[PDB]
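Right, one structure below, let's go through it.
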Amino acid sequence: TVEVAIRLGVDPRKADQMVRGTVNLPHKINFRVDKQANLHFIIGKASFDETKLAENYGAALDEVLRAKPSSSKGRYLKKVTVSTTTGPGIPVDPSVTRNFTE
Amino acid sequence: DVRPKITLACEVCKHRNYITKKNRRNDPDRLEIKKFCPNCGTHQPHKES
RNA sequence: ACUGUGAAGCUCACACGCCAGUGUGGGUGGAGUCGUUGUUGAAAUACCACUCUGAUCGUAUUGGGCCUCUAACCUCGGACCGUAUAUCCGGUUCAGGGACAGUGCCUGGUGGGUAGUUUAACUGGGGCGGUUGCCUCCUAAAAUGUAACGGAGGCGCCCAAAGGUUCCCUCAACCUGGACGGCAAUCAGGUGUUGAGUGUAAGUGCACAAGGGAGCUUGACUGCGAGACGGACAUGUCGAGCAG
RNA sequence: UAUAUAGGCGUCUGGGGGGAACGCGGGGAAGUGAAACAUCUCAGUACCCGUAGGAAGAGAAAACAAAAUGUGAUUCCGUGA
RNA sequence: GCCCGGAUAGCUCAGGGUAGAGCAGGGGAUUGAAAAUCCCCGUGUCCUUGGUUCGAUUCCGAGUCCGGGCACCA
Ligand SMILES: [Zn+2]
């Protein structure tokens with residue numbers, strides 16, 4: 001299917017510049033930035049409900065924004081991908097950061 | 001500088017109240033100490049910056 | 001996850017390849033690999049999304065490097081004309097260079113070629129040498145202060161305890177007895193009133209301990225401060241006590 | 001040299017130079033002061049160039065002001081200081 | 001203050017699952033002795049601390065001693 005995969009613009013090599021999150025949104029998971037500065041979550045795909053996971057996706061995004069490193073330089077959220085199992089593209093717009101369910 | 005100048009900031013309000021000197025070879029860690037904080041009005045833990 | 005808009009199995013080609021085999025497309029034929037697979041830090045080469053390392057394709061933007069062409073611009077190359085006199089000047093035309101060079105604005109480099117200036121004081125004359133601020137002692141003439149290139153030294157730090165508080169203790173030296181052990185290590189008994197020690201020079205002090213040991217701890221605070229010391233001035237120093 | 005132009009003839013009308021001070025537009029020092037000196041001052045002074053007039057320059061808001069229904073072109077004096 | 005580079009045996013110097021190479025030093029061998037050559041050794045906190053990783057000389061951070069160019073109006 002699909003998931004929530006974001007590319008945080010942070011340098012994972014630096015010890016200080018490490019992003020770790022933990023959020024809960026029913027509508028306690030653990031998120032760790034890869035060694036190549038990527039973040040992946042668990043979500044559905046395009047062929048699913050509309051507002052069921054919209055609240056779930058919004059809560060997780062706020063966790064990443066609140067956990068942004070202080071020393072991060074440049075754009076923080078560069079890309080978010082919701083591409084299906086066989087479908088290409090389907091990239092979520094990174095500009096949406098408040099009141100997703102609308 | 002062996003003995004550099006350090007500033008102690010309150011844990012709660014984060015105000016910088018005191019400045020002193022410590023040996024950074026004998027005490028490699030950030031100095032932790034309880035000092036009076038005028039803003040909070042009471043003795044609070046202070047930490048090096 | 002897959003297959004008849006046709007799997008494997010063989011064979012046809014290509015690229016990588018430690019030719020061990022991988023990946024791509026083609027054909028015959030049609031009914032497959034796949035989950036804990038057993039070792040493993042990591043399990044599936046079931047598959048998917050993002051991505052790293054190199055390698056390669058395309059469209060968009062984007063910068064540099066050259067070769068050309070002549071029409072800008074250049075020629076103290078030639079020939080005519082103004083012009084009777086003209087190695088000036090200008091114009092016409094041929095021959096060459098040619099978006100280079102020259103010039104304007106902006107910008108980095110070299111720059112005694114030139115210009116404006118600096119290059120201390122003390123001092124038994126000046127130079128050479130030495131010194132310049134702070135702390136301690138003597139000279140210093142028993143209050144305070146007192147000069148000389150007079151006599152001796154030290155400082156431009158250190159300590160998170162070597163600061164605060166409560167409680168406890170008494171050294172150095174000598175004598176006597178003890179396995180290595182001796183003048184001197186650790187043990188034991190006696191005499192021992194300061195001769196030891198006080199982070200660091202000297203002086204004044206400290207055995208009542210300011211010296212030795214231990215438990216807790218951050219007052220190495222905030223707002224203030226009667227009254228004084230010292231002083232050309234600017235500096236410097238002590239302080240009971242009130243509240244949090 | 002063709003269009004023509006540069007140029008050449010003829011004729012009218014102006015210009016040139018001087019002046020003590022004042023005006024406008026440009027170029028622009030140093031001694032000196034800082035108890036030295038380079039930023040700074042001296043000073044846009046001294047001097048130099050171009051120009052006028054009886055005076056010159058400026059002048060009729062693409063202005064001040066601050067919620068007041070406030071002034072209302074320019075120039076020059078006194079305060080503001 | 002900014003940007004790069006160097007530190008690895010006694011000496012010089014190459015290097016995510018390697019500590020190595022050439023000279024030195026010790027014994028063995030060749031030679032009639034001697035020299036010149038071949039064999040086998042000993043030699044190492046990979047500047048020092050920490051981090052990522054199953055695993056670091058190798059990647060990252062800080063610090064130490066050098067070197068080069070530039071910036072520096074209490
Ligand atoms: Zn506080």
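In the structure tokens, the first chain shown is A, the next is B, and so on; residue numbers restart at 1 for each chain, and ligands run from 1 in the order shown.
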ask   = Within 8 Å of ligand 1, counting only C-alpha atoms (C1' of nucleotides) and all ligand atoms: which residues, as a PyMOL selection string?
value = chain B and resi 9-15+37-42+44
Next, the residues of the selection above should be written as a PDB file, in the first residue's frame with N, CA, C and O atoms.
```pdb
ATOM      1  N   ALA B   9      22.872  30.022  34.941  1.00  0.00           N
ATOM      2  CA  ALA B   9      21.514  30.402  34.587  1.00  0.00           C
ATOM      3  C   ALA B   9      20.514  29.542  35.346  1.00  0.00           C
ATOM      4  O   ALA B   9      20.736  28.344  35.542  1.00  0.00           O
ATOM      5  N   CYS B  10      19.415  30.161  35.773  1.00  0.00           N
ATOM      6  CA  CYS B  10      18.388  29.451  36.523  1.00  0.00           C
ATOM      7  C   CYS B  10      17.748  28.363  35.669  1.00  0.00           C
ATOM      8  O   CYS B  10      17.571  28.522  34.460  1.00  0.00           O
ATOM      9  N   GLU B  11      17.418  27.236  36.304  1.00  0.00           N
ATOM     10  CA  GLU B  11      16.728  26.163  35.594  1.00  0.00           C
ATOM     11  C   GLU B  11      15.330  26.584  35.164  1.00  0.00           C
ATOM     12  O   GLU B  11      14.884  26.241  34.063  1.00  0.00           O
ATOM     13  N   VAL B  12      14.624  27.321  36.017  1.00  0.00           N
ATOM     14  CA  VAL B  12      13.200  27.560  35.803  1.00  0.00           C
ATOM     15  C   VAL B  12      12.979  28.698  34.815  1.00  0.00           C
ATOM     16  O   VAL B  12      12.405  28.505  33.738  1.00  0.00           O
ATOM     17  N   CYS B  13      13.425  29.902  35.167  1.00  0.00           N
ATOM     18  CA  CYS B  13      13.190  31.075  34.336  1.00  0.00           C
ATOM     19  C   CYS B  13      14.290  31.320  33.316  1.00  0.00           C
ATOM     20  O   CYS B  13      14.130  32.198  32.463  1.00  0.00           O
ATOM     21  N   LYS B  14      15.399  30.586  33.395  1.00  0.00           N
ATOM     22  CA  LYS B  14      16.498  30.651  32.438  1.00  0.00           C
ATOM     23  C   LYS B  14      17.228  31.987  32.462  1.00  0.00           C
ATOM     24  O   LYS B  14      17.988  32.292  31.541  1.00  0.00           O
ATOM     25  N   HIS B  15      17.024  32.791  33.500  1.00  0.00           N
ATOM     26  CA  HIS B  15      17.729  34.057  33.632  1.00  0.00           C
ATOM     27  C   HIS B  15      19.170  33.817  34.055  1.00  0.00           C
ATOM     28  O   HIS B  15      19.456  32.919  34.850  1.00  0.00           O
ATOM     29  N   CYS B  37      17.689  33.141  43.203  1.00  0.00           N
ATOM     30  CA  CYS B  37      17.230  33.748  41.959  1.00  0.00           C
ATOM     31  C   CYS B  37      16.298  34.910  42.257  1.00  0.00           C
ATOM     32  O   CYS B  37      15.186  34.688  42.759  1.00  0.00           O
ATOM     33  N   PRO B  38      16.692  36.155  41.970  1.00  0.00           N
ATOM     34  CA  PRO B  38      15.804  37.290  42.275  1.00  0.00           C
ATOM     35  C   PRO B  38      14.452  37.223  41.586  1.00  0.00           C
ATOM     36  O   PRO B  38      13.446  37.630  42.178  1.00  0.00           O
ATOM     37  N   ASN B  39      14.397  36.737  40.345  1.00  0.00           N
ATOM     38  CA  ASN B  39      13.125  36.697  39.630  1.00  0.00           C
ATOM     39  C   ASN B  39      12.161  35.707  40.271  1.00  0.00           C
ATOM     40  O   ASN B  39      11.009  36.046  40.557  1.00  0.00           O
ATOM     41  N   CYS B  40      12.615  34.475  40.505  1.00  0.00           N
ATOM     42  CA  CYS B  40      11.758  33.491  41.156  1.00  0.00           C
ATOM     43  C   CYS B  40      11.521  33.842  42.616  1.00  0.00           C
ATOM     44  O   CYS B  40      10.488  33.469  43.182  1.00  0.00           O
ATOM     45  N   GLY B  41      12.455  34.556  43.237  1.00  0.00           N
ATOM     46  CA  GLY B  41      12.327  34.924  44.630  1.00  0.00           C
ATOM     47  C   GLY B  41      12.753  33.866  45.617  1.00  0.00           C
ATOM     48  O   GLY B  41      12.537  34.044  46.820  1.00  0.00           O
ATOM     49  N   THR B  42      13.353  32.771  45.155  1.00  0.00           N
ATOM     50  CA  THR B  42      13.726  31.672  46.032  1.00  0.00           C
ATOM     51  C   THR B  42      14.981  31.006  45.488  1.00  0.00           C
ATOM     52  O   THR B  42      15.406  31.259  44.359  1.00  0.00           O
ATOM     53  N   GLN B  44      17.023  28.419  43.733  1.00  0.00           N
ATOM     54  CA  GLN B  44      16.738  27.495  42.652  1.00  0.00           C
ATOM     55  C   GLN B  44      18.026  26.878  42.126  1.00  0.00           C
ATOM     56  O   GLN B  44      19.103  27.462  42.277  1.00  0.00           O
TER      57      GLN B  44
END
```
message = Report as a ChimeraX atom specification all protein, DNA and RNA residues lying within 6 Å of stretch 36-50 of chain C, evaluated on only C-alpha atoms (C1' of nucleotides), omitting residues in the same chain fewer than 3 positions from it.
response = /A:85 /C:1 /E:54
query = Can you list every residue in chain A that DSSP puts in strand (DSSP E or B), as a ChimeraX atom specification?
reply = /A:4-8,20-21,31-32,39-41,77-81,91-92
Export of prior selection with C-alpha atoms as a CSV table (one decimal), in the first residue's frame:
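The resulting file, part_21.csv, is reproduced below:
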```csv
chain,number,residue,atom,x,y,z
A,4,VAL,CA,3.9,8.4,5.6
A,5,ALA,CA,7.5,8.9,4.4
A,6,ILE,CA,9.0,12.4,4.9
A,7,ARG,CA,12.5,13.7,4.1
A,8,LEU,CA,13.6,16.0,7.0
A,20,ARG,CA,13.2,11.3,17.3
A,21,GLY,CA,9.4,11.4,17.8
A,31,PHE,CA,10.1,7.3,14.9
A,32,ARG,CA,13.8,7.5,14.3
A,39,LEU,CA,11.6,9.5,8.4
A,40,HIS,CA,8.9,6.8,7.8
A,41,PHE,CA,5.5,6.3,9.5
A,77,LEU,CA,10.4,19.4,5.4
A,78,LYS,CA,11.6,18.9,1.8
A,79,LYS,CA,9.2,16.1,0.6
A,80,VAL,CA,6.4,13.9,1.8
A,81,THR,CA,5.4,10.7,-0.2
A,91,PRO,CA,3.2,13.3,-3.0
A,92,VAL,CA,1.5,15.2,-0.2
```
request  = Could you give me, as number ranges by chain, the residues within 8 Å of stretch 44-60 of chain A, counting only C-alpha atoms (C1' of nucleotides) and dropping anything in the same chain fewer than 4 positions from it?
outcome  = A: 1-4, 23-27, 64, 82-84, 97-101
Keeping only C-alpha atoms, write the selected residues to a file as a PDB file, in the first residue's frame.
```pdb
ATOM      1  CA  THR A   1       0.000   0.000   0.000  1.00  0.00           C
ATOM      2  CA  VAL A   2       1.333   3.391   1.113  1.00  0.00           C
ATOM      3  CA  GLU A   3       2.662   5.063   4.261  1.00  0.00           C
ATOM      4  CA  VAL A   4       3.925   8.419   5.551  1.00  0.00           C
ATOM      5  CA  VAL A  23       2.913  10.467  18.897  1.00  0.00           C
ATOM      6  CA  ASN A  24      -0.509   8.862  19.313  1.00  0.00           C
ATOM      7  CA  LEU A  25      -3.548   9.612  17.140  1.00  0.00           C
ATOM      8  CA  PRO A  26      -6.577   7.304  17.072  1.00  0.00           C
ATOM      9  CA  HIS A  27      -9.171   8.330  14.480  1.00  0.00           C
ATOM     10  CA  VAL A  64       8.120  16.272  13.798  1.00  0.00           C
ATOM     11  CA  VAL A  82       2.136   8.874  -0.063  1.00  0.00           C
ATOM     12  CA  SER A  83       2.649   6.842  -3.239  1.00  0.00           C
ATOM     13  CA  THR A  84       0.649   3.622  -3.449  1.00  0.00           C
ATOM     14  CA  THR A  97       0.747  22.334   8.495  1.00  0.00           C
ATOM     15  CA  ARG A  98      -2.490  23.414  10.234  1.00  0.00           C
ATOM     16  CA  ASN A  99      -6.057  22.063  10.115  1.00  0.00           C
ATOM     17  CA  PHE A 100      -5.389  19.277   7.627  1.00  0.00           C
ATOM     18  CA  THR A 101      -8.961  17.923   7.839  1.00  0.00           C
TER      19      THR A 101
END
```
